[PDB]
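Chain nomenclature is as follows: A, B, C, D and E, assigned in order of appearance, with residue numbering initiated at 1 for each chain independently.
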Amino acid sequence: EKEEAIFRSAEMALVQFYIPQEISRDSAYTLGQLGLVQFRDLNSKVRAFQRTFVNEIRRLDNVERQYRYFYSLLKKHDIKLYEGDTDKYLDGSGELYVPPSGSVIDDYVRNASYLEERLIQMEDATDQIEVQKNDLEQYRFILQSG
Amino acid sequence: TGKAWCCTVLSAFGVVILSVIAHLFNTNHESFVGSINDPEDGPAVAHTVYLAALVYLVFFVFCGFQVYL
Amino acid sequence: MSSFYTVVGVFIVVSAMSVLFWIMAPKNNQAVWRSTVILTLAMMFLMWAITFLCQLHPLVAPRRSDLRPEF
Amino acid sequence: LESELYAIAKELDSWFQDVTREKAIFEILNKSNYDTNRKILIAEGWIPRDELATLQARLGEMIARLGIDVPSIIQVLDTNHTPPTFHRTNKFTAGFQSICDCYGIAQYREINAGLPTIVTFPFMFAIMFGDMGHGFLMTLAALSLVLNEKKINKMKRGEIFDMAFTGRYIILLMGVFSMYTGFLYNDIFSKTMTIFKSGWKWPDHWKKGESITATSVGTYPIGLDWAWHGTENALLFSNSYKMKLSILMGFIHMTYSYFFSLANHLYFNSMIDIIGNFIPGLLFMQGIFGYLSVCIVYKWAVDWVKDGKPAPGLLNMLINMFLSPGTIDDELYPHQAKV
Amino acid sequence: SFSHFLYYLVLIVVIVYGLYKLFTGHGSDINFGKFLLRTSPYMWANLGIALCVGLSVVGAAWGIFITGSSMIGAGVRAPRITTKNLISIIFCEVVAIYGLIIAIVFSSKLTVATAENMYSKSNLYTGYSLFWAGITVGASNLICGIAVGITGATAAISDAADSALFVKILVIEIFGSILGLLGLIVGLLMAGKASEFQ
């Protein structure tokens, strides 16, 4: 059957997951694919600055920081982000998604770090001589009407 | 574009409101010529409202071809 | 036939249709149908009865000095 | 830089999101208790009871892909915390549920006030807006946004235009019910409708500039009789009408909202509030405004002219019963001062 | 200043005009009596019915922006107080309902009176009573509406610091609302005897 839950709320109890360490990641993706569960923080009694998997997430947000700077370089220059038309091919619906392996993701954090350093070099070269462009390009303008 | 929809929908209902108005002065409806302040002659008015209603049918068909293309 | 019983005549017809629709409504989004219609008919009814009772035995009548003598 | 930037840009959008998940997964795994001596991760969460079985059936398929097949990773208990609130919503009920949510999140397993809000809200708009001509226009702009909703969903939109599309079903009803009212008010673009016979009647003969008064014949069935338009004393009728409408329409909307209190105390099994909170307020206002609402109907179904009695006033009736009780100026019915 | 210079001058014309009519033997011509006997008793009653609801509603809306404008201030760092300090908005409104009741009580007494029995004893009393009943009830509630608002912003602050201070302050704000109830009483004892116009 199916409860409608428009005259009253939906009746619901809480449920535990004794998750293994081997598949700690791989089982948790599936809930995110499913999208019906809300968790309760028992770890809130412990402080927020020191937690278990901070060494992991702290590494990733710095890696996710850098991707916004890749998009920023697209903004300045005459380029468009070639985008997808729909979101039906990323397993957002009921269909499942096998999670990536560590080698897929270890390459990403690696690809974030060595890639930008090439881009930080090329933009310094441009800016080192682009400031030379405007200082002289103005110097001729006063001469044209001299 | 939007500049034509304005004169389209306006001219559309303008034809439909004015056509019904003309039919009532002709037939001497109480609410429209029953009082003294209202005009005395009915069909002398309906002959004026047909003509004005055509003017909106001009802009309905004219700008009706423009939105089509 | 114009009297307070006429209101009562329609209060029964509408308080019967309100019961048959409680029964015959489809299961799919059933409280949507069930509460929408019954709650609507009453507020359509109340505004008809009140508009009707105020005309049965009025205390003031229309008065004007504007009509043409031809009417 | 640009041929490289062009090369990175095509790849970027795909594996942008794929890392955002991978960090979010560990945000919710922090909140579990990670025991060191024993490899057990304890995470507890809420799940609607309808989809226990989907979760049970779906979990079993993952562990077959793995070959581990732990003895059990699922168990439910009852506790005394506050569970959250979730109402299921389709395209229709959502624009009406977005309104009741803004004022307050409803307690667990009480009445949602979003079902009566589907009809009371746009119908009260009709009482004020109240015209067939304007209400017709609101419907069409709501009859356009609705039909083409699949085109409009994909394309981008402004912000003034999103709220219209988010509430395209709110505006539909306000235009429909505005046409049913104006047929009773008998207004269309400030003009009237002359379909049925008028129960009023004029004299047989008069002259120009000479005042006249009407004679009643019968009753006008559906709405305001069209003889009032253009008249001198019209507003002495509508004003004394529309007041008594809104009082009765306010006495009904409130009490209907007030018996939802009763249908909640009977759920959580709290009987003291029925005898403590509900009933005393029921006996207070029903004994004042229920007496005011019922007398107004009695005054209308009584021909005070034929009987020869004067029609009593209702303001002096409500006042003297507090100040000078047991006293009357004009009688309404037997044993009035007794009640 | 200019607006303060007039007030010294209106006093001076009244004193020249008060003597010129006196040293010449015309002092009885400035007769406030005839100004009270010949003026229509309906004017004095329709002012006490509009000033009662007039000066009362000014009281309520005054106390609301002293109250609300500070509740919104404290609720930038402590937004939990908006539902606990709502009470002070109720005691500012109720005085308006005290006024709206009197105006309906006195409107019952406005009737039509003949031309011969207009300026009689029972009709001059009524107008003069319905007038000073509207000033008393409209001035008392005008001030109760201000002493509650002021007192309502101090509790809206102390609640934000520590919640233990709130209930201890309503004993002040409840003694502020008594004042609006005492004019409501005295305003009626005046008009308890006055009979409608004949």
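Here is the rule we use: contacts are C-beta pairs under 8 Å (C-beta built on N, C-alpha and C of every residue); 3 or more make two chains touch, one makes a residue touch a chain.
The chain lineup, named per UniProt: B = V-type proton ATPase subunit f; C = V-type proton ATPase subunit e; E = V-type proton ATPase subunit c''.
Centrality by Cα centroid goes to chain D. Using CA-based centroids throughout, the chain positioned farthest away from chain E is A. Averaged C-alpha coordinates give centres for chain A and chain E that are 65 Å from one another.
Taking each chain's centre as the average of its CA atoms, chain B and chain E sit 57 Å apart. Our note on geometry: chain C versus chain E, Cα centroid distance of 46 Å, whole angstroms.
Computed from the mean C-alpha positions, the centre of chain A lies at a distance of 42 Å from the centre of chain D. Within chain E, no positions touching two or more other chains are listed.
Multi-chain contact residues, meaning those touching two or more other chains, occur in chain D at positions 93, 115, 208, 230.
Touching of two or more other chains is recorded for residues 30, 34-36 of chain B. Annotation, chain-chain contacts: A-C, A-D, B-C, B-D, C-D, D-E (touch as defined at the top).
Of all residues in chain D, those touching chain B in their complex are 189, 191-192, 194, 208, 229-230. Contact residues of chain C toward chain D in the complex are 2, 4, 29, 31-32, 35-36, 39-40, 43-44, 46-48, 50-69, 71.
In the complex of the two chains, the chain D residues touching chain C come out as 90, 92-93, 115-116, 118-120, 123, 180-181, 184, 199-200, 202, 205-216, 218-225, 227-228, 230-234, 236-237, 241, 244-245, 248-249, 252, 297, 300-305, 311. Those residues of chain C whose C-beta lies close enough to touch chain A in the complex are 29-32, 35. Interface residues of chain C, counted against chain B in their complex, comprise 66-68, 71.
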